[PDB]
């Protein structure tokens with residue numbers, strides 16, 4: 001719609017459509033890895049996602 | 001202390017007491033002056049990046 005992609009998903013509120021600015025919507029995670037030990041209990045696998 | 005009695009030149013040779021040696025015994029106690037604390041591992045990195 002005017003060059004704005006209209007990607008959809010199942011788990012989106014039903015009668016709504018969000019226009020998002022992805023250069024101004026961000027995900028922030030707290031990198032508390034530096035305070036981990038060096039034993040091996042913690043592993044930090046990066047999360048996997050699929051669009052289709 | 002070993003009490004000293006005394007005798008004549010040629011008198012008897014009766015004994016006289018000795019001094020007690022007691023074995024004094026202490027022990028490093030099974031106890032501690034301990035102090036423990038639980039930091040949030042989150043707080044360690046957060047404060048390292050945020051403390052004034």
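A quick yes/no check of all residues on (1) within 14 Å of the chain's Cα centre (by Cα); (2) under 19 Å from residue B:42 (Cα atoms):
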| residue | (1), (2) |
| --- | --- |
| A:2 | no, no |
| A:23 | yes, no |
| A:28 | yes, yes |
| A:33 | no, yes |
| A:37 | no, yes |
| A:41 | no, yes |
Checking the conditions here, which among B:39, B:3 is assigned to a loop (DSSP other than H, G, I, E, B), within 13 Å of chain A (Cβ to nearest Cβ) and exposed (fewer than 10 other Cβ atoms within 10 Å of the Cβ)? B:39
Looking at this structure, is residue A:31 in a loop (DSSP other than H, G, I, E, B) and surrounded by 10 or more Cβ atoms within 10 Å (Cβ to Cβ)? yes
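We place every Cβ from the backbone using ideal geometry, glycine too, and count neighbours over all the protein chains shown. Throughout, read-outs are computed from the coordinates displayed, never taken from laboratory work.
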